Amino acid sequence: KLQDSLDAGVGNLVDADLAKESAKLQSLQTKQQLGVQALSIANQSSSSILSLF
Amino acid sequence: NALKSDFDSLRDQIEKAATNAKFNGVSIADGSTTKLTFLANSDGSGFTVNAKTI
C-alpha cells in the first residue's frame with residue numbers, strides 16, 4: 001500500500017495536464033503562422049522608395 | 001497464554017503499521033508534529049490541518 005501511495009504522490013508532483021498543452025499548442029501554431037505573415041509584411045517596407053526616384 | 005501472545009503480536013503490529021505511514025518524510029498519523037499548514041491563497045494564507053495521532 002505504501003509503495004503505491006509513494007508512486008502516486010511522485011506522479012502528482014511532476015505530471016503534466018496534456019489537455020492544456022493541446023490548446024496551447026494549437027494557439028501557438030496559429031500564432032507562429034501569423035507572426036511569419038506579419039514579419040513578411042514588415043519586411044516589404046522601404047520597397048516603395050524606388051518609385052520616388 | 002496463547003490468547004495473550006496473540007494480543008501482544010497484534011499490539012506490536014499496530015505500532016509498526018502506525019509508524020510507517022509517512023509520505024515524503026512528513027506524516028499526520030505518527031504524532032511527530034501538531035499540525036500541517038498548506039497553501040490556500042496566492043498571498044500566503046494557509047489551509048490548516050490538525051494532527052490526528054493514531
# chains A, B, ... in the order shown; residues from 1 in each chain; ligands from 1
call {"tool": "closest_atom_pairs", "arguments": {"of": "chain A", "to": "chain B", "cutoff": "12 Å", "atoms": "only C-alpha atoms", "output": "tab-separated table"}}
result
residue	atom	partner	partner_atom	distance
A:1	CA	B:21	CA	9.9
A:2	CA	B:21	CA	7.4
A:3	CA	B:23	CA	9.9
A:4	CA	B:23	CA	11.1
A:5	CA	B:23	CA	7.9
A:6	CA	B:23	CA	6.7
A:7	CA	B:23	CA	10.3
A:8	CA	B:23	CA	10.6
A:9	CA	B:23	CA	8.1
A:10	CA	B:24	CA	9.3
A:13	CA	B:24	CA	11.2
call {"tool": "write_last_selection", "arguments": {"atoms": "C-alpha atoms", "output": "compact mmCIF listing (two decimals), in the first residue's frame"}}
result
# COMPACT_ATOMS: atom_id res chain seq x y z
CA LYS A 1 0.00 0.00 0.00
CA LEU A 2 2.82 2.39 0.88
CA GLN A 3 4.73 1.86 -2.36
CA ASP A 4 1.59 2.51 -4.38
CA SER A 5 0.99 5.71 -2.44
CA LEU A 6 4.56 6.94 -2.97
CA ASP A 7 4.36 6.35 -6.73
CA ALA A 8 1.04 8.19 -6.92
CA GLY A 9 2.47 11.09 -4.93
CA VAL A 10 5.54 11.48 -7.13
CA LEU A 13 4.19 16.24 -8.09
call {"tool": "residues_around", "arguments": {"residues": "stretch 37-49 of chain B", "least_positions_apart": "2", "cutoff": "12 Å", "atoms": "only C-alpha atoms", "output": "ChimeraX atom specification"}}
result
/B:26-29,33-35,51-52
call {"tool": "select_by_dssp", "arguments": {"residues": "stretch 15-51 of chain B", "states": "strand (DSSP E or B)", "output": "list in words"}}
result
residues 23, 26, 35, 36, 37, 38, 39, 46, 47, 48, 49 and 50 of chain B
call {"tool": "write_last_selection", "arguments": {"atoms": "N, CA, C and O atoms", "output": "PDB file, in the first residue's frame"}}
result
ATOM      1  N   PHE B  23       4.609  10.021   4.176  1.00  0.00           N
ATOM      2  CA  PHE B  23       4.767  10.372   2.773  1.00  0.00           C
ATOM      3  C   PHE B  23       5.699  11.565   2.680  1.00  0.00           C
ATOM      4  O   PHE B  23       5.416  12.616   3.260  1.00  0.00           O
ATOM      5  N   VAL B  26       6.973  13.469   5.909  1.00  0.00           N
ATOM      6  CA  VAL B  26       6.018  14.170   6.757  1.00  0.00           C
ATOM      7  C   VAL B  26       4.762  13.322   6.883  1.00  0.00           C
ATOM      8  O   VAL B  26       4.310  12.727   5.901  1.00  0.00           O
ATOM      9  N   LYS B  35       0.474  20.103  13.707  1.00  0.00           N
ATOM     10  CA  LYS B  35      -0.411  20.465  12.611  1.00  0.00           C
ATOM     11  C   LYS B  35       0.412  20.674  11.353  1.00  0.00           C
ATOM     12  O   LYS B  35       1.617  20.923  11.414  1.00  0.00           O
ATOM     13  N   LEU B  36      -0.261  20.578  10.213  1.00  0.00           N
ATOM     14  CA  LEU B  36       0.333  20.823   8.909  1.00  0.00           C
ATOM     15  C   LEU B  36      -0.437  21.930   8.217  1.00  0.00           C
ATOM     16  O   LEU B  36      -1.669  21.910   8.189  1.00  0.00           O
ATOM     17  N   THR B  37       0.281  22.882   7.645  1.00  0.00           N
ATOM     18  CA  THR B  37      -0.334  24.032   7.004  1.00  0.00           C
ATOM     19  C   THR B  37       0.060  24.024   5.542  1.00  0.00           C
ATOM     20  O   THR B  37       1.249  24.004   5.223  1.00  0.00           O
ATOM     21  N   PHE B  38      -0.928  24.025   4.661  1.00  0.00           N
ATOM     22  CA  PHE B  38      -0.708  24.033   3.227  1.00  0.00           C
ATOM     23  C   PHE B  38      -1.082  25.398   2.676  1.00  0.00           C
ATOM     24  O   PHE B  38      -1.707  26.211   3.351  1.00  0.00           O
ATOM     25  N   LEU B  39      -0.676  25.661   1.444  1.00  0.00           N
ATOM     26  CA  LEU B  39      -1.026  26.916   0.800  1.00  0.00           C
ATOM     27  C   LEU B  39      -2.470  26.900   0.332  1.00  0.00           C
ATOM     28  O   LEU B  39      -2.969  25.883  -0.148  1.00  0.00           O
ATOM     29  N   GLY B  46      -2.999  30.325   4.790  1.00  0.00           N
ATOM     30  CA  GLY B  46      -2.896  28.880   4.822  1.00  0.00           C
ATOM     31  C   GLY B  46      -4.174  28.102   5.057  1.00  0.00           C
ATOM     32  O   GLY B  46      -5.171  28.627   5.556  1.00  0.00           O
ATOM     33  N   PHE B  47      -4.134  26.836   4.670  1.00  0.00           N
ATOM     34  CA  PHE B  47      -5.138  25.834   4.991  1.00  0.00           C
ATOM     35  C   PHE B  47      -4.562  24.948   6.086  1.00  0.00           C
ATOM     36  O   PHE B  47      -3.548  24.282   5.870  1.00  0.00           O
ATOM     37  N   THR B  48      -5.185  24.947   7.258  1.00  0.00           N
ATOM     38  CA  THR B  48      -4.636  24.252   8.413  1.00  0.00           C
ATOM     39  C   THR B  48      -5.303  22.897   8.586  1.00  0.00           C
ATOM     40  O   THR B  48      -6.529  22.794   8.520  1.00  0.00           O
ATOM     41  N   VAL B  49      -4.491  21.865   8.810  1.00  0.00           N
ATOM     42  CA  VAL B  49      -4.956  20.506   9.052  1.00  0.00           C
ATOM     43  C   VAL B  49      -4.305  20.044  10.343  1.00  0.00           C
ATOM     44  O   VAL B  49      -3.086  19.847  10.386  1.00  0.00           O
ATOM     45  N   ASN B  50      -5.097  19.875  11.392  1.00  0.00           N
ATOM     46  CA  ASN B  50      -4.523  19.436  12.649  1.00  0.00           C
ATOM     47  C   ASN B  50      -4.055  17.989  12.545  1.00  0.00           C
ATOM     48  O   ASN B  50      -4.411  17.259  11.621  1.00  0.00           O
TER      49      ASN B  50
END
call {"tool": "atom_distance", "arguments": {"atom1": "atom CA of residue A:33", "atom2": "atom CA of residue A:17"}}
result
25.1 Å
call {"tool": "atom_distance", "arguments": {"atom1": "atom CA of residue A:22", "atom2": "atom CA of residue A:34"}}
result
18.4 Å
call {"tool": "decode", "arguments": {"residues": "stretch 10-46 of chain A", "atoms": "N, CA and C atoms", "output": "mmCIF file, in the first residue's frame"}}
result
data_model
loop_
_atom_site.group_PDB
_atom_site.id
_atom_site.type_symbol
_atom_site.label_atom_id
_atom_site.label_comp_id
_atom_site.auth_asym_id
_atom_site.auth_seq_id
_atom_site.Cartn_x
_atom_site.Cartn_y
_atom_site.Cartn_z
ATOM 1 N N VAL A 10 4.529 10.943 -6.221
ATOM 2 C CA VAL A 10 5.538 11.477 -7.129
ATOM 3 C C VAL A 10 4.903 11.887 -8.448
ATOM 4 N N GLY A 11 3.968 11.079 -8.938
ATOM 5 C CA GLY A 11 3.263 11.469 -10.142
ATOM 6 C C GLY A 11 2.458 12.738 -9.950
ATOM 7 N N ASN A 12 1.811 12.875 -8.794
ATOM 8 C CA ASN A 12 1.085 14.103 -8.501
ATOM 9 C C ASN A 12 2.010 15.303 -8.562
ATOM 10 N N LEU A 13 3.244 15.132 -8.100
ATOM 11 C CA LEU A 13 4.195 16.239 -8.091
ATOM 12 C C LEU A 13 4.578 16.648 -9.504
ATOM 13 N N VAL A 14 4.962 15.686 -10.339
ATOM 14 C CA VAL A 14 5.686 16.089 -11.537
ATOM 15 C C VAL A 14 4.981 15.657 -12.831
ATOM 16 N N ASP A 15 3.673 15.427 -12.800
ATOM 17 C CA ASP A 15 2.944 15.037 -14.002
ATOM 18 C C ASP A 15 2.281 16.245 -14.647
ATOM 19 N N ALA A 16 2.132 16.197 -15.966
ATOM 20 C CA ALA A 16 1.539 17.312 -16.677
ATOM 21 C C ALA A 16 0.050 17.076 -16.886
ATOM 22 N N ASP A 17 -0.609 18.080 -17.452
ATOM 23 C CA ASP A 17 -2.014 18.019 -17.845
ATOM 24 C C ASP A 17 -2.021 18.268 -19.346
ATOM 25 N N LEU A 18 -2.099 17.197 -20.141
ATOM 26 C CA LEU A 18 -1.902 17.304 -21.588
ATOM 27 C C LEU A 18 -3.002 18.093 -22.276
ATOM 28 N N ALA A 19 -4.187 18.118 -21.684
ATOM 29 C CA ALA A 19 -5.286 18.879 -22.253
ATOM 30 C C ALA A 19 -4.943 20.357 -22.388
ATOM 31 N N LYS A 20 -4.187 20.919 -21.441
ATOM 32 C CA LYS A 20 -3.816 22.325 -21.577
ATOM 33 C C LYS A 20 -2.769 22.522 -22.665
ATOM 34 N N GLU A 21 -1.817 21.593 -22.785
ATOM 35 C CA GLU A 21 -0.796 21.736 -23.817
ATOM 36 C C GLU A 21 -1.385 21.605 -25.208
ATOM 37 N N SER A 22 -2.435 20.809 -25.379
ATOM 38 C CA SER A 22 -3.058 20.728 -26.696
ATOM 39 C C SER A 22 -3.592 22.088 -27.128
ATOM 40 N N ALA A 23 -4.347 22.743 -26.248
ATOM 41 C CA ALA A 23 -4.894 24.055 -26.563
ATOM 42 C C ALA A 23 -3.780 25.060 -26.809
ATOM 43 N N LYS A 24 -2.780 25.057 -25.932
ATOM 44 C CA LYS A 24 -1.674 25.985 -26.080
ATOM 45 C C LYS A 24 -0.917 25.719 -27.375
ATOM 46 N N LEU A 25 -0.762 24.448 -27.749
ATOM 47 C CA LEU A 25 -0.074 24.094 -28.985
ATOM 48 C C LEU A 25 -0.823 24.605 -30.204
ATOM 49 N N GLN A 26 -2.145 24.441 -30.218
ATOM 50 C CA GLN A 26 -2.924 24.933 -31.348
ATOM 51 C C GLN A 26 -2.783 26.440 -31.456
ATOM 52 N N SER A 27 -2.919 27.124 -30.319
ATOM 53 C CA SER A 27 -2.820 28.575 -30.321
ATOM 54 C C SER A 27 -1.446 29.023 -30.792
ATOM 55 N N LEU A 28 -0.399 28.309 -30.383
ATOM 56 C CA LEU A 28 0.953 28.696 -30.757
ATOM 57 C C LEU A 28 1.239 28.432 -32.227
ATOM 58 N N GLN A 29 0.716 27.340 -32.789
ATOM 59 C CA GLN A 29 0.903 27.129 -34.223
ATOM 60 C C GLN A 29 0.224 28.228 -35.026
ATOM 61 N N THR A 30 -1.001 28.589 -34.636
ATOM 62 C CA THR A 30 -1.669 29.696 -35.308
ATOM 63 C C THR A 30 -0.882 30.983 -35.143
ATOM 64 N N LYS A 31 -0.387 31.231 -33.933
ATOM 65 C CA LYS A 31 0.339 32.459 -33.658
ATOM 66 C C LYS A 31 1.657 32.516 -34.406
ATOM 67 N N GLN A 32 2.317 31.378 -34.600
ATOM 68 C CA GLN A 32 3.563 31.392 -35.349
ATOM 69 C C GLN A 32 3.321 31.614 -36.831
ATOM 70 N N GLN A 33 2.307 30.960 -37.400
ATOM 71 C CA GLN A 33 1.961 31.246 -38.791
ATOM 72 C C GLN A 33 1.619 32.718 -38.974
ATOM 73 N N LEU A 34 0.938 33.289 -37.985
ATOM 74 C CA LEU A 34 0.587 34.695 -38.052
ATOM 75 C C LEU A 34 1.814 35.576 -37.897
ATOM 76 N N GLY A 35 2.750 35.186 -37.035
ATOM 77 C CA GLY A 35 3.925 36.008 -36.843
ATOM 78 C C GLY A 35 4.809 35.969 -38.064
ATOM 79 N N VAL A 36 4.784 34.852 -38.791
ATOM 80 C CA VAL A 36 5.527 34.764 -40.040
ATOM 81 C C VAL A 36 4.905 35.672 -41.086
ATOM 82 N N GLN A 37 3.572 35.668 -41.187
ATOM 83 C CA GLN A 37 2.955 36.555 -42.166
ATOM 84 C C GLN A 37 3.169 38.013 -41.797
ATOM 85 N N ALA A 38 3.167 38.314 -40.501
ATOM 86 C CA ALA A 38 3.441 39.667 -40.031
ATOM 87 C C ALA A 38 4.870 40.104 -40.337
ATOM 88 N N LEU A 39 5.837 39.216 -40.111
ATOM 89 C CA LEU A 39 7.219 39.531 -40.435
ATOM 90 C C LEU A 39 7.381 39.748 -41.925
ATOM 91 N N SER A 40 6.738 38.910 -42.737
ATOM 92 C CA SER A 40 6.827 39.075 -44.182
ATOM 93 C C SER A 40 6.205 40.391 -44.620
ATOM 94 N N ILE A 41 5.154 40.825 -43.926
ATOM 95 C CA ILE A 41 4.531 42.103 -44.244
ATOM 96 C C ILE A 41 5.462 43.244 -43.873
ATOM 97 N N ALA A 42 6.121 43.134 -42.721
ATOM 98 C CA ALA A 42 7.006 44.197 -42.261
ATOM 99 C C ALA A 42 8.258 44.290 -43.116
ATOM 100 N N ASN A 43 8.709 43.160 -43.658
ATOM 101 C CA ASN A 43 9.924 43.142 -44.459
ATOM 102 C C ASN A 43 9.792 44.040 -45.675
ATOM 103 N N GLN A 44 8.632 44.037 -46.304
ATOM 104 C CA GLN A 44 8.479 44.741 -47.569
ATOM 105 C C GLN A 44 8.405 46.210 -47.405
ATOM 106 N N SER A 45 8.694 46.735 -46.218
ATOM 107 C CA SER A 45 8.828 48.170 -46.083
ATOM 108 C C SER A 45 10.047 48.638 -46.864
ATOM 109 N N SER A 46 10.129 49.949 -47.065
ATOM 110 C CA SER A 46 11.249 50.620 -47.711
ATOM 111 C C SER A 46 11.330 50.248 -49.181
#
